[PDB]
Amino acid sequence: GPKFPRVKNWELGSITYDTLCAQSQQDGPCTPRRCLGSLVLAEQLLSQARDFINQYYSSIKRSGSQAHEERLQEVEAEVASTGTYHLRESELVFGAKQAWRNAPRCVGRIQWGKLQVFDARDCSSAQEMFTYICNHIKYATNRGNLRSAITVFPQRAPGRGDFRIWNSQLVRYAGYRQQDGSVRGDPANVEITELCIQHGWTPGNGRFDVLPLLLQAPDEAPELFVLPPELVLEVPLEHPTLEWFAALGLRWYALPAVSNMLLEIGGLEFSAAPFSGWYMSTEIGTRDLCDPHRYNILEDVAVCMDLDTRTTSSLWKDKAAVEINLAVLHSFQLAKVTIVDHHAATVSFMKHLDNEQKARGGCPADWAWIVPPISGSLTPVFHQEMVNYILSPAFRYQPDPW
Amino acid sequence: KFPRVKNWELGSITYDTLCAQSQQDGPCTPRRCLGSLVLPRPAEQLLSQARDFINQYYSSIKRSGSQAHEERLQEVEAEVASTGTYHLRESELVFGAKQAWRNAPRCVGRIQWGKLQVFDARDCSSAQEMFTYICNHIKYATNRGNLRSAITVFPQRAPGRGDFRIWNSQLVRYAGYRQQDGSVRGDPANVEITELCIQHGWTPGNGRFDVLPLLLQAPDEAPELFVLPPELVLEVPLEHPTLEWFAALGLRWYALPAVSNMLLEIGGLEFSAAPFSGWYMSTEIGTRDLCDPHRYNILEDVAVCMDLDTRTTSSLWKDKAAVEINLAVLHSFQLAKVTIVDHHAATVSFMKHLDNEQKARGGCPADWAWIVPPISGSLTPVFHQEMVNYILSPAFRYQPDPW
Ligand code: HEM
Ligand code: HEM
Ligand SMILES: Cc1cc(N)nc(C[C@H]2CNC[C@H]2OCCNCCc2cccc(F)c2)c1
Ligand SMILES: Cc1cc(N)nc(C[C@H]2CNC[C@H]2OCCNCCc2cccc(F)c2)c1
Ligand SMILES: C[C@H](O)[C@H](O)[C@H]1CNc2nc(N)[nH]c(=O)c2N1
Ligand SMILES: C[C@H](O)[C@H](O)[C@H]1CNc2nc(N)[nH]c(=O)c2N1
Ligand SMILES: [Zn+2]
């Protein structure tokens, strides 16, 4: 066969070769001696810029045209006299969509072409960031008919502070460290909760208190902004057949909006570019609610179901997890809030794999993140070999700003 | 250079230094990770592999650098220099087999690595003798349902000649009969091997759970067919603790998981036939064997029996049905008094193994995709555990099917 990785689907017996990986210009963590795939975590600028501009002109089918060459020349003159450059509006739209398309850990990529891109590169204060973020949340939420969106704030500048959203998501719940060492609310958010209190937030004392936004404009202390409650759509959790589930007082928010990632486009770095879609149900039902280091509700729910929690072989954990996941799907459906189950999501991702094979000759995908955290082998992606590599434009992790 | 390995449930960090002992490259590069791929795409070489292994052996018995150690290295050197090969002493073979198990990145059951019965069958000269050895292995391993880990090692590969091979991928598996209507009766994974048995003179059954005969091959000879005496093959009828109709599905599985198609590499020597067995983790049967779409694929049948809404994925009928099947497997083996481990118990014991190996060797090669169970992934501790994957020797490897 060809000298590119051969990729097999073990359910169907079908084979593809990935040629897209040859376009990767950035090393991952693996070597021939060891695989680290399971770990979670001017001259240079110009070559990344040229590459991105070539990508943009390919995408509009004007590669090698005089407009392509003039744009290249304009970019290197900008870099020559200023040390940086700036993207045209349509280049930014293309770049943000491409960064989503390129994200190996996202099972939702069948939607990549449908992204509302808000250009907020004229933002010049924390207050204005708040306005933009509120508008994003309003547009994205759309009273339950969720729409994928990203808002892009000004790029990093040489020896000048970054725009930063300190929250890891736009909507998340507080976690309060208790006197007895335990946590009330979401244990994932203890640090950010304590930082909001330092900066003058009067905290609640519930399990599901919406955090305020800590927003930072270049070279200034972060400023605190409470989201008006009418903007934060939430879903009370109930179960279709288990009547007591509603009595548990569980709830979750409708909008998953990642706010601490760096969007990189042609060497330019947007340190604040929060993006949002809609939930896949296992994110809430399995991870947020059942992780031992999160809300950890498995045992409480199994006790309500009268399961034998004293022994592993009753599969009490598996049974309670299924019902919690069902409650999430049912509650979001009842509230008319967009949500996708892990079966439909993974089916759509397989379609996406097929699309991308035809369009680009492959699709970078991180198998451990694509396969859902319950019922892995029951979904078609479990049986699909995947090649993981870094393409640009890309979303990247960045250090917490405190 | 040594990777940081973090557990995300607990916040704890270790460093894998064992990975520096790896002499054998896997499929990944800095450009792209190929970790999800199932299969991989002379004197001086053998001698250094041999020396390394002998050094491991004498080290393990705390006799590193002794007289016995030096004289043994000379024996190996003298034999390779004259013949191009050498032979292991039985105790070395025992150490090497356990080490290959210990080193196997895709095995969640490695807490048991030190407890392995090794049958030396390197004096085998016929398919007939292979059969007697396999039969003794099965009887020993099964032990009336109180399963004991075992390996039997047939003669090593030799430069001039064909391999000893077991054609079956497992000692015990069910036939798959391709039907006129294009469907498969029995196990679709075993259509090809079933057709080979028939072509070699097997009179086939026509059931869903027909135990295959063995096709055993001595060097450069046609394989020969041997039917396992039914009394040797322990099987478990599947029932459900609360759902009475489940027993009427007529479902069953065999007690003994026994891999027979992998190559055992020790000290540069290659054992092309070396079947090994332990006991089942229930998800192998309840989730993969019975529920895989390209296997028995019973999910939909079970869900309809449970009267679940199959018209829509969001009723989670697949998840619900899969749970009850796994429960049925667990209950049925426990009732039949046959050793089995559930995926929670197994993954908890694997975490303990990782801790043991950290202290003993400075790490543990592990393939995260294979260790995390196929249902209820993040509900097990291994989901939140980062893992480093690499090839240490002694090792079990895949080899081409002999046909
Ligand atoms: C439209 C519905 C969407 C669904 C169902 C979806 C689903 C997911 C899921 C399940 C993950 C794994 C997250 C985790 O477990 O930590 C993920 C990650 C990710 N998503 Fe999507 N997503 C959607 C939309 C979007 C959008 C609009 C963007 C940006 C334009 C995006 C970009 C990303 C990125 C960069 C990651 C990786 C984060 C990381 O590396 O930790 N997704 N997505
Ligand atoms: C004692 C109880 C044991 C349990 C519960 C157990 C469990 C498992 C499981 C669940 C797998 C993954 C299988 C798959 O999905 O294909 C596996 C693979 C493996 N096991 Fe263990 N095992 C046990 C004993 C043994 C023994 C005795 C040996 C050899 C001495 C062994 C060597 C291996 C090897 C080499 C693999 C990888 C096969 C491959 O790469 O396809 N295991 N084991
Ligand atoms: C846009 C979008 C849609 C969607 N359905 N889902 C998402 C991921 C959100 C929601 N549900 C989890 C959170 O993902 C947050 C991004 N990644 C977190 C993983 C991580 C990073 C660093 C250190 C760690 F330990 C872990 C985004
Ligand atoms: C010794 C032992 C104990 C245990 N519990 N479980 C086992 C694995 C056995 C049983 N249940 C599955 C089978 O695993 C067989 C090895 N894995 C096959 C993967 C494969 C897929 C496709 C092409 C290939 F070449 C290889 C062994
Ligand atoms: C250690 C392991 O890599 C880690 O727990 C990963 C596994 N797969 C995941 N997959 C998704 N989608 N999200 C996650 O947070 C994780 N966590
Ligand atoms: C493509 C993927 O690597 C393949 O389906 C693997 C995933 N993980 C697995 N894990 C185990 N234990 N057994 C398997 O057969 C597989 N299959
Ligand atoms: Zn890798």
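Labels below follow one simple rule: chain letters A, B, ... track the order of the sequence lines, proteins then strands, and each chain is numbered from 1.
- A 6.0 Å sphere centred on CZ of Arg41(B) holds more than 12 heavy atoms belonging to other residues, nucleotides or ligands.
- Within the 4.5 angstrom heavy-atom criterion, atoms from both the backbone and the side chain of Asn326(B) approach chain A.
- Of the residues considered (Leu39(A), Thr311(A), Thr31(A), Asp18(A)), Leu39(A) shows the highest number of contacts with chain B, using heavy-atom pairs under 4.5 Å.
- Interface summary for chain A: among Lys6(B), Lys320(B), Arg288(B), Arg4(B), the most heavy-atom pairs under 4.5 angstrom belong to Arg288(B).
- Ranking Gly11(B), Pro27(B), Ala369(B), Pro381(B) against chain A, the residue ahead of the rest is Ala369(B), based on heavy-atom pairs under 4.5 Å.
- For residues 292-307 of chain A, a heavy-atom distance under 4.5 Å to chain B picks out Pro292(A), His293(A), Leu298(A), given by residue number.
- What you find for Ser38(A) and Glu386(B) is that their closest heavy atoms are O-CG, 3.6 Å.
- Taking a 6.0 Å sphere around OH of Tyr17(A), one finds it holds more than 12 heavy atoms contributed by other residues, nucleotides or ligands.
- Heavy atoms closer than 4.5 Å to chain A are found in the backbone of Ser315(B), but not in its side chain.
- Heavy-atom pairs under 4.5 Å with chain A peak, among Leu379(B), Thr380(B), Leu330(B), at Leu379(B).
- Side-chain contact of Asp342(B) with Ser313(A): a donor-acceptor pair under 3.5 Å is absent, judged by distance alone.
- Of the atoms belonging to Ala345(B), heavy atoms from both backbone and side chain fall under 4.5 Å from chain A.
- In this structure, the portions of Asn389(B) lying under 4.5 Å from any heavy atom of chain A include both its backbone and its side chain.
- For the options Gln333(A), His383(A), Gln26(A), heavy-atom pairs under 4.5 Å to chain B are most numerous at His383(A).
- For the set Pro30(B), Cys291(B), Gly377(B), the count of heavy-atom pairs under 4.5 angstrom toward chain A peaks at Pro30(B).
- No side-chain heavy atom of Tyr389(A) sits under 4.5 Å from any side-chain heavy atom of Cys33(B).
- The residue among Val323(B), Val388(B), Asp319(B), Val341(B) with the most heavy atom pairs within less than 4.5 Å of chain A is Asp319(B).
- Ranked by heavy-atom pairs under 4.5 Å with chain B, the list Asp27(A), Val371(A), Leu12(A) is led by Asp27(A).
- Between the side chain of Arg33(A) and the backbone N or O of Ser22(B), at least one donor-acceptor pair lies under 3.5 Å.
- For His342(A), the part sitting under 4.5 Å from any heavy atom of chain B is the side chain, from C-beta outward, and nothing else.
- Proximity to chain A involves both the backbone and the side chain of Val38(B), based on heavy atoms less than 4.5 angstrom apart.
- Contact count against chain B (heavy-atom pairs under 4.5 Å) is highest for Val40(A) among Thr286(A), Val40(A), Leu36(A).
- The candidate from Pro5(A), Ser377(A), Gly1(A) with the greatest count of non-hydrogen atom pairs under 4.5 Å with chain B is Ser377(A).
- The greatest number of non-hydrogen atom pairs below 4.5 Å with chain A, out of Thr313(B), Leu39(B), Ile340(B), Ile375(B), is found for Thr313(B).
- Considering all non-hydrogen atoms of both residues, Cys30(A) and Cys28(B) come closest at CB-CB, 3.4 Å.
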side-chain contact (heavy atoms from CB on, under 4.5 Å), that's the test. Do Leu315(A) and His344(B) meet it? Break it down for me. CA-CA 8 Å; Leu315(A) 305 193; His344(B) 305 288; 4.2 Å; yes
